[PDB]
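Engineer:
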Amino acid sequence: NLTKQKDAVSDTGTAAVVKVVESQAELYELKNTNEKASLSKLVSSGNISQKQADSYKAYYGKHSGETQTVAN
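Position 67, counted from 1, in the sequence shown is what the entry's author numbering calls 67; the numbers after and before it change by one each time, with no gaps.
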């Protein structure tokens with residue numbers, strides 16, 4: 001931020017990222033149970049958009065793919 005004392009209003013994700021990718025991810029998995037979907041797949045699949053796609057993507061990135069409910 002490099003700034004102190006400010007007045008601004010904006011939304012936030014992260015939690016939303018988890019909620020959106022995982023819901024679609026599960027459904028894509030239903031579509032294809034044998035293969036585990038992915039951010040790249042779901043997003044190509046326009047289930048989710050690169051906001052949802054790259055945001056969840058950096059969620060797995062944080063640990064080491066230890067959480068990614070869906071194959072990265």
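Just so it is clear, CB atoms sit at the ideal spot from N, CA and C, and this is done for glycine as well.
Could you compute how far the alpha carbon of residue 66 sits from the alpha carbon of residue 8?
Structural biologist: Walking along the sequence shown from the start, residue 66 turns up at place 66. Walking along the sequence shown from the start, residue 8 turns up at place 8. The alpha-carbon atoms of residue 66 and residue 8 are separated by roughly 35 Å.
Engineer: In the DSSP assignment, find the alpha helix (DSSP H) that holds residue 23 and state where it starts and stops.
Structural biologist: Counted from its first residue, the sequence shown places residue 23 at position 23. That run of the alpha helix (DSSP H) goes 15–31.
Engineer: Compare the Cα-Cα distances from residue 14 to each of 55, 61, 70, 45 and report the closest residue.
Structural biologist: Stepping through the sequence shown from its first residue, residue 14 is reached at position 14. Closest option to residue 14, Cα to Cα, is 55.
Engineer: So residue 57 and residue 39 are in contact, right, with Cβ under 8 Å, and what is the actual spacing, rounded?
Structural biologist: Here the question's residue 57 lines up with position 57 in the sequence shown. Here the question's residue 39 lines up with position 39 in the sequence shown. Right, their Cβ atoms sit about 5 Å apart.
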